[PDB]
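One structure is given here, and the rest of the page talks about it.
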């Protein structure tokens, strides 16, 4: 080579995490990591990953802060919520919304920006990443890592 000709490129992940990476960190004592499910309150009841956190979808608004979410969260989730600053890395979940399908209004986006971008006191080491596919894909990757595996989530049509 002389300088470096252009091409096309394929693998170009940006602000995204895979299920495989979550496992390596999920069972890591040296590396902390918390998982959150930005979905409806009913979704958490039907399906929910073990050793994971939960957060309503309505409670998370586009352009909110930590005080907002912290104000609207479960009783047991409120604990791990505060540990967000103690841990190192962070990850989220979803049904059909990846980091590429994120927009100005999505729960993941508003939650991803309301954890670092809209920070005042607590601060993390990196930026919140979204799992590849979310819970829908987590079942296909590791169905033996959730409280409820018998959960079907077909498409709109």
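Residue numbers (my numbering): 827 to 983.
Here a beta-carbon is modelled for each residue, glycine too, at the ideal position from N, C-alpha and C.
Exposure of residue i, with buried meaning 16 or more beta-carbon neighbours within 10 Å
i: residue 905; result: exposed
i: residue 882; result: buried
i: residue 867; result: exposed
i: residue 956; result: buried
i: residue 879; result: buried
i: residue 925; result: buried
i: residue 982; result: exposed
i: residue 939; result: buried
For residue i, three-class secondary structure by DSSP
i: residue 920; result: coil
i: residue 861; result: strand
i: residue 915; result: strand
i: residue 936; result: helix
i: residue 975; result: coil
i: residue 955; result: strand
i: residue 893; result: helix
i: residue 903; result: helix
i: residue 925; result: helix
Candidates the options, of which the one nearest residue i by Cα
i: residue 984; options: 915, 946, 944 and 927; result: With the chain covering 827 to 983 only, the question about residue 984 has no answer from this structure.
i: residue 865; options: 944, 949 and 937; result: 937
i: residue 890; options: 873, 877 and 933; result: 933
i: residue 975; options: 981, 912, 940 and 961; result: 961
i: residue 970; options: 875, 928 and 926; result: 875
i: residue 948; options: 834, 840, 836 and 910; result: 910
i: residue 842; options: 927, 884, 940 and 893; result: 927
i: residue 921; options: 979, 832 and 942; result: 979
Anticipated Cβ contact below 8 Å, residue i with residue j, distance rounded
i: residue 849; j: residue 968; result: 7 Å
i: residue 963; j: residue 845; result: 6 Å
i: residue 977; j: residue 872; result: 6 Å
i: residue 862; j: residue 918; result: 5 Å
i: residue 912; j: residue 946; result: 17 Å between Cβ atoms; not a contact.
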